[PDB]
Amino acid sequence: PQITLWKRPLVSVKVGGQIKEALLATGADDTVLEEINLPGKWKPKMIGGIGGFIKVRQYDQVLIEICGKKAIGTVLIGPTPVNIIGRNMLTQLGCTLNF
């Protein structure tokens, strides 16, 4: 799909047996989703920085699907005002910016 930017690029994403709404964010290094009970082991990770850090759960090699396209990558699980699809997942989708 080609996605124009007149509106916020919000997509439906299938992850962990759920469907969530998330923002495609080329300015974000990582993908962060609000709480979902992903299975298996995780690593602690600290995100943020300005004013302090938030501790989140890093899950590796997680499958997500966006607009019929699948992608495997790290998903951070923790509090976030909006669910963020960041560059680590955008590259797995083949996502590019074009102008």
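Note that residue numbering begins at 1 and tracks the sequence as displayed.
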Going by the mean C-alpha B-factor recorded in the entry, which is higher: 56-64 or 35-43? 35-43
Just say lowest, middle or highest third for the CA B-factor of residue 75 relative to the other modelled residues in its chain. lowest
State the tercile, meaning the lowest, middle or highest third, of residue 19 with respect to the CA B-factors recorded for its chain. highest
Position of residue 13 among the chain's modelled residues by C-alpha B-factor, lowest, middle or highest third: middle
